[PDB]
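Enquirer:
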Amino acid sequence: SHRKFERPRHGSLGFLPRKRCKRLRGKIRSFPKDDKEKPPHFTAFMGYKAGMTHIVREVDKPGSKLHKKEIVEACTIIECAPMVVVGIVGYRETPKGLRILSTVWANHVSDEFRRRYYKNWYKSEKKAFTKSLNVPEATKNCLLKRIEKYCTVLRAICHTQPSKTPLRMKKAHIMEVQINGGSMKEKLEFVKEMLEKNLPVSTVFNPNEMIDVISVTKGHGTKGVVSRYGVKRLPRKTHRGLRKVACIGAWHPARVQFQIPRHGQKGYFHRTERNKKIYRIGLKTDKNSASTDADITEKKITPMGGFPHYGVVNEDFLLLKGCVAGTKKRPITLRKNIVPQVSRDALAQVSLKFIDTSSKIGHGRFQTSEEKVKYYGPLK
Amino acid sequence: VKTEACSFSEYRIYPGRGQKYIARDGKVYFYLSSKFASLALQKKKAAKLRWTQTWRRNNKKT
Amino acid sequence: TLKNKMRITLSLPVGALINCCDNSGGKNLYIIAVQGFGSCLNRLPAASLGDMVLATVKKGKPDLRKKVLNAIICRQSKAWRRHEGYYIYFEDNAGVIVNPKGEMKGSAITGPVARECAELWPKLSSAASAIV
RNA sequence: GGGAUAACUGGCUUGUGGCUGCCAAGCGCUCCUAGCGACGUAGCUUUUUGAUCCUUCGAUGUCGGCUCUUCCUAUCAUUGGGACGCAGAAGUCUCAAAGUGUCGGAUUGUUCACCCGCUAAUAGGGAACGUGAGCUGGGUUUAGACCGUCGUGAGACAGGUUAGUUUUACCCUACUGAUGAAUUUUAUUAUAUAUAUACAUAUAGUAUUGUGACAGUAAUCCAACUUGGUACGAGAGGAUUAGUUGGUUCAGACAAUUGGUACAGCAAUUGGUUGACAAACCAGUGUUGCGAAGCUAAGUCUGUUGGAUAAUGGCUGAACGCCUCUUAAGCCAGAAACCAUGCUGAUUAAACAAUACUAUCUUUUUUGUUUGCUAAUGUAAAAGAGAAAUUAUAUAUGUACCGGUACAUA
RNA sequence: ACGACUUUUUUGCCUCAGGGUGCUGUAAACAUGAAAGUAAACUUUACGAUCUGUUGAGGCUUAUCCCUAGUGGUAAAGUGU
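Residue numbers (the UniProt record's numbering), protein chains in the order written: chain A, 2 to 381; chain B, 8 to 69; chain C, 8 to 139.
Quick look at the structure:
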């Protein structure tokens, strides 16, 4: 007979099987669609998660109960060292999907890139890449011409510079970024012109932009069904434990139906977050990157005592509204929105009012060490 | 920019940090941190805890 | 007249007993259901400052007893996040009894009253001795 | 000893129950059918109860609750429609619909029931009457006991009431997660500068980037206000629709803030103990207060738009001079439905591409393949294995002028 | 869980230390200081919970906190192709 009362099932089916991700680095499943009229441009950008802070923002939004006042909001910080482009890829459409036609490389690639195509850089003789890199410019042009003639999508091979970060690893993160824009010729022109130079975030995004964020979730190992799926606990009296589901299916059909949740891996899952607004795009050179019109104090984004487990941001950075998947020290992939966004949110202009730089190790009392020293006075 | 000021501590409160307690009388108390909040709740007089700024002011130790 | 409350943390699940705090002659109010509460498998109905409850009077004048009666919550001690950036809590939980469209039964609300409730009920706001 | 034979499922049938029809005497102010519908009559269903006794008595663990999942539709709500005894509003009947949802309690062992309250609605069902190597054991169905009636008695009771052990997974499969080699009777969407070429290409080893078949799939409903005290209405009342601002329920994350958490750490202190001071220890964590970091919710963020349609409304239009949504041919707009898009997996494809670097290696000729080993053979297809226009089907194709025209051609 | 994965192997990394950041709440030590009083000298000497001064001190702070070309370190060389 039917169950006595009805509830939604615990947990979405839509992410099963809940196994570990293949790779630490994220992957774009799909890019924005290529609207012809727009100029050639990058669609994605690679970054590292540094931590969260809070921000204070004044709200325009009319007819809201909140309305005029400033509000306090959580926000994430993603350090973005400028990407270096190293290769050009041309794909062509077949009934059996996209197949790569050829790839053309730059005339140099740095050691941080090179390290990724090895496991054991110290032990190796470091003989990778050198002879292909040599081959003369006519050859490159011939392949480019072949790409130019037939290919339907062009993507650029970009990489992170992890030495411009405080992170432990020196094997760079390589990732492909699709180019959307004009004619194949223009697309090719833009990548060729870009090629061996370095690409900062300001070239890819704009203030007030809405962005999609792709990241691998925080790991927990194997976790119990209650934790992993949200199942309500059984009563105390229960003989063989309580923290476990009380049925795993009917007698017929005579197998465990998959839909019932069981114990297992939790976290280290791939996840695509949509529609997060960028509140500010920092500039490395500026001393006043975390300053505001309201504050007028000289200070950097890096909070007092440094970010927990990430320390000191030193390059350019994105201050992103709210939260985004995965841990401290994790790579984050930024992606452009699939369709240009037409919401009342997407038009809006965020004049942020204050950025906290107090501690996130214990409960911060000051915005800088200079403030702290001033507050106490002479000490031993 | 401006900062509120604490009641139990004399510390300055940057926005988005501490908590607010309204007493039955209608008196609002702003505490910078949880520790200050518990100390107040248990009804310690601030001028008797040596670390806290209030003692320093009282004991001519400024 | 508006009812766009804005999220304020759940507190006061059903069977809660709160102070009455007015000149009705009720001394306490026992909340038995909350208006507009969801349908859900095993979650207790529960309130917050902006919510309209249905309660009974255990202790108080006799004619206030036994009848189901509408009330509005005025004070709560479960902490909530006000969007300005700090956590509020009152010393003790309190509501006031009302006519079904929210008209206050007595004449004066003795405690202080959260502004979050005041904005949501003009006819109640008036008779509040202070708004916080 | 017995399934030769009851109490349990399943099976047949469906009297009984439930559900749907058909008729039209009437009811419905007048009016068969807006809504009904007797007298009658035909079915369906197996959620009821029977009838039955095929299966199990060298044991299918016998009610209910809890938890959990999936299926169904005979739709309760939500979406889209049509009809009305429909002015609006409220609503009734009805069609596509199973996407999404379907609650808090009081009382009872309860299925059932009855209230009370919320609600958007508190729909109906199935899965061995779903769910006892998941639990629970209140009920019924052991031994003790009580009271009544019944029995001369021992004792009986589809009467009540009370105390009454709930065993085993480490097997196989399944399922959830974790690894992981092997993969030539095998593959293949090209290669080469308007022309070539499968009778061909493909060593291998690491590694990176992807490809993405195929499989999975998720968001949901409400309030408030503006539209409007308008339309409509005799007044009373009183909208759809957009739009704006919020919230619910779920999902997916996350910890800046807040809260929770302590065998990081400091401090306090009771009893004992090292002669005291100091340092400490011990009381299975001595006991307290605060308590970073990390987890964590009751805290924070985030949750698309096309294609093709159903119901249905239409259009052109014969059959049938007229008419006709097509109950012909030809068409169109149109739903929480369907499929994409999107998102997750993809040793689910014993799948695959590009690229970097590398290990005597490549070609031709000759002879051979009649201590476990240290020369060495297999064919699902050789006997001329011959054949690149392309488009129709109640006409095609060239060529010439400018899909039309002309002329050839099968 | 183990595997696995993520890393690094001398412009690194581990290691301490210094600095940063917090967390705790003002150490021991000394005073011909204060202190309810008390007792005993021919005004000075005894005992004294506790308190004040030197003292926002002392202690702790990566083991899964931050910074430092600051200190000292950095072996085995196996095995498969």
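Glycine is no exception: its CB is placed at the ideal position from the N, C-alpha and C atoms.
Flag this pair as yes or no: are the beta carbons of A/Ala-45 and A/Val-226 separated by less than 7 angstroms?
Expert: Contact: no.
Enquirer: Check whether the Cβ atoms of C/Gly-45 and C/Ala-78 sit closer than 7 angstroms, and answer yes or no.
Expert: No, the pair does not count as a contact, with Cβ atoms beyond the cut-off.
Enquirer: For B/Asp-32, does the count of other Cβ atoms within 10 angstroms reach 16, so buried, or fall short, so exposed?
Expert: When all chains shown are included, B/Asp-32 counts as exposed.
Enquirer: Hey, is C/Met-13's beta-carbon within less than 7 angstroms of any beta-carbon in chain A?
Expert: Answer yes: the Cβ-Cβ gap between C/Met-13 and chain A drops below 7 angstroms somewhere.
Enquirer: Per DSSP, what kind of secondary structure is C/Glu-126 in: helix, strand or coil?
Expert: It is coil, neither helix nor strand.
Enquirer: Which residues bound the alpha helix (DSSP H) around A/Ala-139?
Expert: Here the alpha helix (DSSP H) through A/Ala-139 covers 138 to 151.
Enquirer: Taking C-beta to C-beta, are A/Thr-77 and A/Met-47 nearer than 7 angstroms?
Expert: No, Cβ-Cβ distance for A/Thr-77 and A/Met-47 is not below 7 angstroms.
Enquirer: So with CB distances below 7 angstroms, who are the chain C contacts of A/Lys-66?
Expert: Neighbours of A/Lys-66 on chain C, chain order: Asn-11 and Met-13.
Enquirer: Rounded C-beta distance between C/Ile-39 and C/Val-21? I'm assuming under 8 angstroms.
Expert: Right, their Cβ atoms sit about 6 angstroms apart.
Enquirer: So does the stretch 258 to 273 of chain A actually touch the stretch 21 to 37 of chain A, counting three or more Cβ pairs closer than 8 angstroms?
Expert: Yes, they touch.
Enquirer: Where do the N-terminal and C-terminal ends of the beta strand (DSSP E) with residue 1 of chain A fall, by residue?
Expert: In the structure as shown, chain A starts at 2 and stops at 381, and residue 1 of chain A therefore has no counterpart that could be examined.
Enquirer: Look up A/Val-90 in the DSSP assignment and say whether it is helix, strand or coil.
Expert: If DSSP states are grouped into helix, strand and coil, A/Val-90 belongs with the strands.
Enquirer: Is it a yes or a no for the stretch 176 to 192 of chain A touching the stretch 31 to 44 of chain A, going by three-plus beta-carbon pairs under 8 angstroms?
Expert: Touching, yes, given that three or more Cβ pairs across the two stretches are closer than 8 angstroms.
Enquirer: Spell out whether any CB of chain B is found under 7 angstroms from the CB atom of A/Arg-58.
Expert: So, not an interface residue.
Enquirer: Assign C/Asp-70 to one of three DSSP states: helix, strand, or coil.
Expert: Helix, per DSSP.
Enquirer: Under a Cβ-count criterion, where at least 16 other Cβ atoms within 10 Å of its own Cβ denotes burial, should C/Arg-82 be classed as buried or exposed?
Expert: It is buried - the Cβ of C/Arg-82 has at least 16 other Cβ atoms within 10 Å.
Enquirer: Distance cutoff 7 angstroms, beta carbons only. Does B/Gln-26 sit that close to anything in chain C?
Expert: By this cut-off, B/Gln-26 is an interface position.
Enquirer: Mind checking which residues open and close the beta strand (DSSP E) that includes A/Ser-216?
Expert: Note, A/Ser-216: beta strand (DSSP E), 211 to 217.
Enquirer: Work out the CA separation of A/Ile-362 and residue 383 of chain A for me, nearest whole Å.
Expert: Residue 383 of chain A is absent from the model: chain A starts at 2 and stops at 381.
Enquirer: Counting along the chain, where does the alpha helix (DSSP H) carrying B/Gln-60 start and finish?
Expert: Counting along the chain, the alpha helix (DSSP H) containing B/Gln-60 begins and ends at 60 to 65.
Enquirer: Would you check if the distance between the CB atom of A/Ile-175 and the CB atom of A/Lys-277 is smaller than 7 angstroms?
Expert: Going by C-beta atoms, A/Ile-175 is not nearer than 7 angstroms to A/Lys-277.
Enquirer: Can you find a CB in chain B that lies within less than 7 angstroms of the CB of C/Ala-125?
Expert: No, C/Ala-125 does not count as interfacial toward chain B.
Enquirer: Count the other CB atoms, across all protein chains shown, that sit within 10 Å of the CB of A/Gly-27; report buried if there are 16 or more and exposed otherwise.
Expert: Looking at its Cβ environment, which holds 16 or more other Cβ atoms inside 10 Å, A/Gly-27 is buried.
Enquirer: Taking 7 angstroms as the CB-CB cut-off, is residue 6 of chain B touching chain A?
Expert: What is shown of chain B runs 8 to 69, which leaves residue 6 of chain B out entirely.
Enquirer: Hey, is the stretch 335 to 350 of chain A in contact with the stretch 97 to 108 of chain A, meaning 3+ C-beta pairs nearer than 8 angstroms?
Expert: The stretch 335 to 350 of chain A is not in contact with the stretch 97 to 108 of chain A.
Enquirer: From what residue to what residue does the beta strand (DSSP E) around A/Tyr-119 run?
Expert: No beta strand (DSSP E) contains A/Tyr-119, which DSSP labels as neither H nor E.
Enquirer: Residues of chain A with a CB under 9 angstroms from the CB of C/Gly-92: which are they?
Expert: What C/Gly-92 touches in chain A: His-55, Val-57, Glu-71, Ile-72 and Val-73.
Enquirer: Measuring CB to CB, does A/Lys-301 end up less than 7 angstroms from A/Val-57?
Expert: No, Cβ-Cβ distance for A/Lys-301 and A/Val-57 is not below 7 angstroms.
Enquirer: Nearest-angstrom Cα distance between B/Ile-29 and A/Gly-323?
Expert: Roughly 30 angstroms between the two C-alpha positions.
Enquirer: Using 7 angstroms as the threshold, is the C-beta distance between C/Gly-67 and C/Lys-34 below it?
Expert: Yes. Within cutoff.
Enquirer: Note down, one range per segment and in chain order, each beta strand (DSSP E) of at least 3 residues found wholly within the stretch 245 to 315 of chain A.
Expert: Here the runs fully enclosed are 271 to 282.
Enquirer: Is A/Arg-234 close to chain C? Criterion is C-beta to C-beta, closer than 7 angstroms.
Expert: So, not an interface residue.
Enquirer: Would you mind telling me which residues of chain B sit closer than 9 angstroms to A/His-240, beta carbon to beta carbon, in chain order?
Expert: Ordered by position in chain B, no residue passes the 9 angstroms Cβ test against A/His-240, which lies about 41 angstroms from the chain.
Enquirer: Pair every Cβ in the stretch 365 to 377 of chain A with every Cβ in the stretch 332 to 340 of chain A, then say whether three or more of these pairs are closer than 8 angstroms.
Expert: Verdict: no, contact absent.
Enquirer: Going by DSSP in three states, A/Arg-26 sits in which element: helix, strand or coil?
Expert: DSSP places A/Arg-26 in coil when its eight states are reduced to three.
Enquirer: Exposed or buried, A/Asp-346, counting other C-beta atoms within 10 Å across all chains shown (16 or more means buried)?
Expert: It counts as exposed.
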